[PDB]
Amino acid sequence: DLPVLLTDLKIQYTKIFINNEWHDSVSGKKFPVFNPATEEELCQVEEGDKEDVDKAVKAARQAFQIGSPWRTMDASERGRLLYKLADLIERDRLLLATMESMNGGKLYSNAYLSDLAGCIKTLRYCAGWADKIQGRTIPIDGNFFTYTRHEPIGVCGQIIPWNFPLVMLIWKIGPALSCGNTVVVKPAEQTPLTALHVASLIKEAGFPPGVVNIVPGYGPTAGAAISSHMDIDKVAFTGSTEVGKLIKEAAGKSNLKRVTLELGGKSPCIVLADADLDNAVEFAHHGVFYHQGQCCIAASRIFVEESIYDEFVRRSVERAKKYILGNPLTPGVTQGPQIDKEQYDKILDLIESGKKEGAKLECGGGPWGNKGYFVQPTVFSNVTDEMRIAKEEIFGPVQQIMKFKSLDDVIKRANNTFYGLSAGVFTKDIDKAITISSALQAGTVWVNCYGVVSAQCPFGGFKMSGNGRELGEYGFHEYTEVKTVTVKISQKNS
């Protein structure tokens, strides 16, 4: 069942959020926010820059001070607040799913059924950890009592992309807040709206002021101020490789802040001759086409064993021809637009490189419509490893299908990339599932499925797809700072 908002969406929250109050930009400047489906301005939002980030950090630092409400409150109460924020997002699900769709070009049914559900479930997951973050007592050599405190780090700068605005906000703030950090969030300039609504709910839920601060604005201004800030203890980021590089450099030059990045992928699937063929086709298809291909985990290289390759290509092409393009709010629409001009241009340029480099165009290969940044769903077969479409993240509805005959060789080809976010293995054989998944240099390997993401699992890249893990037990480690306390005693006993 797919309920809808029964009156038109009214945008209310357009300001910078610091110390639980709404601020105008220091400069006074505002910037437009667009609907990618119509190319029309939805509203203007206060443009945060260095001076606004500086205010947010000061508020975040003050909220983190020893003796403050956020530091002294029970861990269990930090969890209570997170479960309350999840209840409120659940309350405003229709509103939030609609705003997400409209601002982000995101199909409404997915926004409502997947993104909103993921936000709610991830917050509830992170809430449960708050009073289960524990240190150790350690049987050190000598007459000492040694324990560790897994403290919060402090002020965490969190720079967020436009492809999953709300989900990415919750992935960042959920763990950070559960561990007792304070945060300065910079949403994507394309998609600040859902973040600012959530900030209203952070106030309503009763989080102490300055625990969450939200500074909408642009990357080289507000983002760079975060990356280079002398009093931000950690920056976490999801987005491009280029910006990731800029962030680590700025961090290195400023205060050696802790950095975790999640960057692109060129995630491969390996489909063995014994694979459930329909299952492999359907998961690989959704693996590459989900949200107009605008997923870090996009299954953008699909290697299929020769004897089933032509059948795989045939079935995949027929699957890609079934989409209905248009406004992501209209029921029955199954493909929305790309987020903006820059991404639109990149996808089309890469599609053209694929034609020019001699890949076989099975379907699509051009733009669509009189308005909106729509790209036809596009399939290429006979793709080889040195083509631009085999090497570069497209972030569009563009599927690459390749044949292999040698399993040793295709593992090498799958691993022959600076990326490593994820991969997929399709086979019925137990030994092959285990050995192949172990050999792939990828952070998540799916077996006979793809794109299965849940709050209980750590998620992150190998190699230049990033560093560190998010979510799961393991992800919570990177939002703590370990302190060893060692006390001289007269005599220790076991």
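The term rigid core refers to the maximal set of C-alpha atoms that superpose within 1.5 Å between the two forms. All residue numbers are counted from 1 along the displayed sequence.
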**Report entry** Core-aligned Cα RMS comparison in 5 other deposited structures of this protein - stretch that moves more, 239-247 or 171-179
**Finding:** 239-247
**Report entry** Higher-scoring stretch by recorded Cα B factor average, 179-187 or 301-309
**Finding:** 301-309
Query raised in the report: As stated in the PDB record, which stretch has the larger average Cα B-factor, 24-32 or 436-444?
Result: 24-32
Report task. Using the temperature factors in the entry, find which of 421, 211, 387, 127 has the highest value at its Cα atom. Result -> 387
Report task. Determine which member of 356, 234, 78, 136 has the highest CA B-factor, using the values in the deposited entry. Result -> 356
Requested in this report: Determine, from the deposited record, the chain-internal third of the Cα B-factor for residue 368: lowest, middle or highest.
Outcome: highest
Query raised in the report: Against its chain's modelled residues, does residue 9's Cα B factor rank lowest, middle or highest third?
Result: highest
Requested in this report: Taking the chain's C-alpha temperature factors as the reference, tell me which third residue 465 falls into: lowest, middle or highest.
Outcome: lowest
Report task. Quick one: classify residue 37 as lowest, middle or highest third of the chain based on its Cα B-factor. Result -> highest
Requested in this report: Taking the values exactly as deposited, rank residue 198 by C-alpha B-factor within its chain and report the matching third: lowest, middle or highest.
Outcome: lowest
